[PDB]
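Below you'll find only one chain, the form deposited in one PDB entry, shown as structure tokens.
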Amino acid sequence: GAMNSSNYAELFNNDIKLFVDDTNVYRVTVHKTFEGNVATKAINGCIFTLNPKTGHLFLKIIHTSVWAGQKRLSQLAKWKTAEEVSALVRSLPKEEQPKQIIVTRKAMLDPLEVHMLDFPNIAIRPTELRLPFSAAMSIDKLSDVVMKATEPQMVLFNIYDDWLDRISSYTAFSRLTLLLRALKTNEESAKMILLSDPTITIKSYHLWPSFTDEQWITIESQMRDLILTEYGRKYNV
């Protein structure tokens, strides 16, 4: 059934599973027309498909051409998401296919179930967690590859960098969700925290800076403060 705080450790067991987040698939800017009406312009988007145990990210870039001449784009975006996730599963070797796919938004359940009819043994699950994966486009290297794409493209990343050499999957996912929650609540401050010290760099083959264990503790504390603060600046507390 639904994934929640109670069954959280299941994410890090040895049954292959993927989170799918569709919130950055259909992205637009709203603007005025010469006649003073409102119109939208699509920009490139992406499906965020993540193995929380291993950190493997299947970033399917959604190029604006897929929307050309289509109606009801927000509905279509869910079905396109499900089509691409199904295509990804079929492309994987049997022993790499997931046993479960957890969708971050319940509106993806029926589209994904229908596209996965050929895979009756893959469980499609909602979640009660409010995960911050929308903030994936605040990671500079991910945003850059999405915006530069001139055609549909899949790009593979490890969203944990080399963290699993030193920490467990549980701890890695907790750090990722902390970073993304911070970027989502106050992107400017979060990015300042991550890059304030010019001596800590991002490796070419990494997404995040090369912090030592002690520096990650400082970073993580700075992110918590930011989230609590913003929570105060918001509700005045």
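Sequential numbering from 1, following the sequence displayed.
As for the form deposited with a small molecule bound, it is not shown, yet the points below apply to it.
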*Give a yes or no for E96: in the entry with it bound, does one of its heavy atoms lie within 4.5 Å of a heavy atom belonging to the small molecule?*
yes
*Heavy atom of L92 within 4.5 Å of the small molecule in the entry with it bound*: yes
*May I ask you to check whether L156 falls inside a 4.5 Å heavy atom distance of the small molecule in the entry with it bound?*
yes
